[PDB]
Amino acid sequence: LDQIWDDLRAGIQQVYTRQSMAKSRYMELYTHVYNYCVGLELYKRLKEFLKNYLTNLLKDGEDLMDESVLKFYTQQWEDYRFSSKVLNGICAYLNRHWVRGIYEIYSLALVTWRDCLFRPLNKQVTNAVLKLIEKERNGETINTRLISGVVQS
Amino acid sequence: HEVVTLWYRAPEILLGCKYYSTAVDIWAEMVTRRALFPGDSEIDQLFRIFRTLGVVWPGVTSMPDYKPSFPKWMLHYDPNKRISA
Amino acid sequence: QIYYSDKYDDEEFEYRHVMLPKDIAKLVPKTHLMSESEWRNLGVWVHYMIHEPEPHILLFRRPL
Amino acid sequence: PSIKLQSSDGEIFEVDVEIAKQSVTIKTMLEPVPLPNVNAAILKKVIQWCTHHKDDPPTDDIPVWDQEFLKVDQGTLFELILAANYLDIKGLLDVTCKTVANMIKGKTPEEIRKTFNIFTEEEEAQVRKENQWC
Amino acid sequence: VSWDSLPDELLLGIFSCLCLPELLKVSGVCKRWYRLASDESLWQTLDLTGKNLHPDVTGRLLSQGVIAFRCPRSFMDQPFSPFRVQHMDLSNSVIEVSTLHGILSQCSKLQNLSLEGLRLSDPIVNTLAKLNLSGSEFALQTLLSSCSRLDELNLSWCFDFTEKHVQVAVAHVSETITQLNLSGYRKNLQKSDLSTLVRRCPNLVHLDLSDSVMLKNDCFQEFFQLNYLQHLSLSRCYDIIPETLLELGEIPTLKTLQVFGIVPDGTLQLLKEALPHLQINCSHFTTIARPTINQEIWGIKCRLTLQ
């Protein structure tokens, strides 16, 4: 039933935010995974939702250029990766099993992040990373996970 | 199915059809009383008949010894159309 | 051993039946037919095929 | 270690890591949850098969035990295959698929359709015409 | 107990363990089952030897997602989208020349087909050249360079090869050829061609080069240049040094004893003294570019084998 997704989208949405959760949610969404099958028009909706959420997240990334955009970008990327991992682990059956962006949820998230990173924020992130590297090489040392996150990304 | 005779072998046996009904009776083993009769090997015996006497046999391509690459050149060829003695 | 037969056919082709000893029949494989230079042990063109019910038959080919 | 699971009707069953290693959908769990799809009858049936079939190298080319093991009514086989598809099992899924394939070997269309409980007189003549090659 | 509520790919699991009688039997029950009969996954390897069907049926089969085909000695005489056929060899079944449009004209890509003893016209090779040909020269020359990746080329007993046709043997541009077998043109091959052919190919693991009669003095050691082409393959020779054939193979590495053929009595048994290090030849049989080798060749086992 298509009417279940509009009510169940909150379960996936709250995954992006880090807090407590109910153990039954995993089984609740896992049942709806195969209960959806109609049963094919789901990839486009998921792609649109991911794209709009990613654009909304990137929109609040302009007022920070250095020493603040790095922490924010790293933590948002960690949250996005965690949400993508949860989505892959909770629904990985009705994606490409029947015959055949890449259909895989992890690959879809990766390609969306790749083709969204082409925005001018890449230049400012690179400039921040370079200036942090020069500041570290000047003699002082600071935390390393901030740019390590984007490196692993 | 197995036939020890050579010059009077059952036509069904040479064609690969083990099961036949009253085929031997319909098919004079030696009437010529000479060496002109086609006494040959297992395949050469049928080759001699094919050379001598060239739709005609419905359902011919359904036997173990009925190949499709063969050349073109009370005795009855059809086993079903055989008159009893 | 070598066997001989009349080289007569209704069409323009020509064929002759040949036979080989049982000892040499082991080398001949039922899967793949022999070639021009393969059949040299007998000491006697290419091996075309064999007989359907019989296990030993050779015809050979003659090119124009 | 001992791991417990919650049945649909409300029963509690004991499972072991070795007994559940061959599974992949519950291996991630072991690495009580609501499972409405499965019931107590299939839970004991699956767990007893796993205990008797756990160690193996990594007639009808299948174990003789499976012949009398799967001799059940059509309804239970429907539940078993549905659970196997949901549990993404391999050993049980392959065995029941082979058993079904053998049972549909050389059977009249009338009995197959009635047993399955599921395109005639307009296309039967056509399909017959282009299938005599076999 | 309805069995029609299952997904299609659970049904594919059932259909993956069926043979042709039951597979074509089960087709005529429902439209769904009718479609799941024809999936590309089920039809991978299909092998029908000598079932004398017309090529319309096998065209219907090339329209149903099959990847491999091996069918010798069938009868297809009476007369589409390009198709994915990587593994298809041929032994010479009798086939009409005109009805190759429905078989080969569609597909020229992929590993290609392997003929033997088949008489055919130029346009078929023209579409093919976009690979055994046992039994015009421009089409063959184009096809030789058409598949640069492929290294094995076989041809023998050509019925339309002239003296000038053998000149193109050295013109073949291929620096990655590993195995080859050309012979039978004893009265047409030029002895000077092999001298340049050896230089053209950097190496040749297998090279029969039999049916030599003149046995020119230069050819005795001209071919032996590198250590990757050592062999002693020679047959049907009239003028040759007896019991002293080890001169050509001064530095042999592999075991090759293809010396049988038309030789005078008393020399075949004495030839063992000229190669005491090597063993005596046991059996002689060509095993190069074989369409099939008793059917598991190239890892293609036909689950849809008629027998």
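Residues numbered from 1 in each chain as written, not as in the entry; some residues may be left out. Chains lettered and ligands numbered in written order. Part of a larger assembly, values for the part shown. Heavy atoms only, no water. Residues with missing side-chain atoms left out of burial classes, pairs and counts.

Method of determination, as given in the entry header: cryo-EM; reported resolution: 3.1 Å.

The name that the PDB entry assigns to chain E is S-phase kinase-associated protein 2, with the source organism given as Homo sapiens. The title assigned to this entry in its PDB record is "CAND1-CUL1-RBX1-SKP1-SKP2-CKS1-CDK2".

Attention now goes to the overall build of chain E. Secondary structure summary: chain E contains 9 helices and 11 strands in total. Along the three orthogonal principal directions, the C-alpha set of chain E runs to about 80 × 40 × 35 Å. (Helix = DSSP H or I, 4+ residues; strand = E, 2+ residues; numbered from the N terminus.)

Now for the environment of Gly65(E). Residues and elements named next belong to chain E. Within the secondary structure, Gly-65 is located in the loop between α4 (55-62) and β2 (68-70). Each C-alpha atom, one on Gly-65 and one on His-54, is 19 Å from the other, the two residues being 11 residues apart in sequence. Not counting chain neighbours up to four residues away, the residues in contact with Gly-65 comprise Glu-40, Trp-43 and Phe-83. (Contact = heavy atoms within 4.5 Å.)

All names here are of chain A. One salt bridge connects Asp-2 with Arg-45, and the closest N-O pair in it is separated by 2.3 Å. Between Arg-137 and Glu-134 there is a salt bridge; the shortest N-O distance is 2.6 Å. Taken together, the residues span about one helical turn, with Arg-137 and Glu-134 both in helix α6 (residues 121-137) at a distance of 3 residues. (Salt bridge = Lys/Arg side-chain N within 4 Å of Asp/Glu carboxyl O.)

The next subject is the packing of aromatic side chains. Residue and element names in this part refer to chain A. Centroid distance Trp-5 to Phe-49: 6.4 Å. Interplanar angle 85°. Geometry classified as edge-to-face. When the centroid spacing of 4.8 Å and the interplanar angle of 40° are considered together, the rings of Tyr-80 and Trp-113 count as tilted. Each member of the aromatic cluster is reached from another via a ring pair, and the members are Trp-5, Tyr-16, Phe-49 and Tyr-53. (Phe/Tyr/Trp six-rings, centres within 6.5 Å; stacked < 30°, edge-to-face > 60°.)

To continue, consider the arrangement of the chains. Ranking the 6 pairs of chains in contact by number of contacts places chains D and E first. Here chain A and chain B are not in contact; the least distance found between their C-alpha atoms is 40 Å. There is no contact between chain A and chain C; across them, the least C-alpha separation is 38 Å.

All right, on to the pairing of strand β2 (residues 12-16) of chain D then. Residues and elements named next belong to chain D. The sheet contact formed by strand β1 (residues 2-6) and β2 spans 5 bridges and is antiparallel. Bridging from a neighbouring strand, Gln-6 pairs with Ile-12 of β2. Turn length for the β1-β2 hairpin, with the two strands adjacent in sequence and antiparallel, is 5 residues, and the turn residue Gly-10 shows positive phi of about 120°. (Pairing = 2+ DSSP bridges.)

With that out of the way, let us pick up the interface of chain D and chain E. Taken together, the contact pairs 26 residues of chain D with 23 residues of chain E. Those elements that place two or more of their residues in the side of chain D that touches chain E are α4 (74-86), α5 (91-103) and α6 (109-116) of chain D. Sorting elements by how many residues they give to the side of chain D that touches chain E places α4(D) first, with 7 residues. Residues of the side of chain D that touches chain E, tallied by class, amount to 15 nonpolar, 6 polar and 5 charged. (Nonpolar A, V, L, I, M, F, W, Y, C, P; charged D, E, K, R; others polar.)

A separate point is unusual backbone geometry. With a phi close to 70°, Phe60(C) is a non-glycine residue in the positive phi region. One non-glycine residue, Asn52(E), lies in positive phi territory at about 35°. Inspection of the secondary structure puts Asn52(E) in the loop between β1 (45-47) and α4.

Residues and elements named next belong to chain E. As summarised here, the arrangement of the 4 strands in space is β4-β2-β1-β11, forming an open sheet in which the pairing is parallel. Each edge of the open sheet carries a strand with a single partner, namely β4 (87-89) and β11 (304-305). Alignment of β1 against β2, held across 2 bridges, turns out to be parallel. When the sheet's bridge partners are listed, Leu-46 is paired in β2 with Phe-69.

What follows deals with the sheet that holds strand β10 (residues 206-207) of chain E. Residues and elements named next belong to chain E. Pairing is parallel in the open sheet, where 3 strands are placed in the order β8-β9-β10. Only two strands of the sheet have a single neighbouring strand rather than two, namely β8 (153-156) and β10. Sheet topology places β8 next to strand β9 (residues 179-183); 4 bridges connect them, and they run parallel. Pairing of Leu-155 across the sheet is with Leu-182, part of β9.

Residue and element names in this part refer to chain A. Here helix α2 (residues 24-35) crosses helix α4 (residues 69-90) at 60°, and the two axes come no closer than 10 Å. In this view, α2 runs oblique relative to α4, as classed from their interaxial angle. Contact residues: α2 offers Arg-25, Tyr-26, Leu-29, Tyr-30 and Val-33, while α4 offers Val-86, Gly-89 and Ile-90. Within the contact of α2 with α4, the residues separate by chemical class into 6 nonpolar, 1 polar and 1 charged. (Axes fitted to C-alpha atoms, helices over the stretch in contact; angles between N-to-C directions. Parallel < 35°, antiparallel > 145°, perpendicular 65-115°, else oblique.)

Our focus in this paragraph is the packing of helix α1 (residues 3-16) of chain A against α4(A). Each pair of packed helices can be summarised by the angle the axes make with each other and by the distance between the axes. All names here are of chain A. Put simply, α1 and α4 touch, their axes get as near as 8 Å, and they point 140° apart. The angle between the axes of α1 and α4 places the two elements in the oblique class. Facing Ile-12, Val-15 and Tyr-16 of α1, the residues of α4 in contact are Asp-79, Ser-83, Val-86 and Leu-87.

With respect to the helices and strands, the residue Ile90(A) is situated in helix α4. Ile90(A) sits 51 residues away from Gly39(A) along the chain, and the two C-alpha atoms are 17 Å apart.

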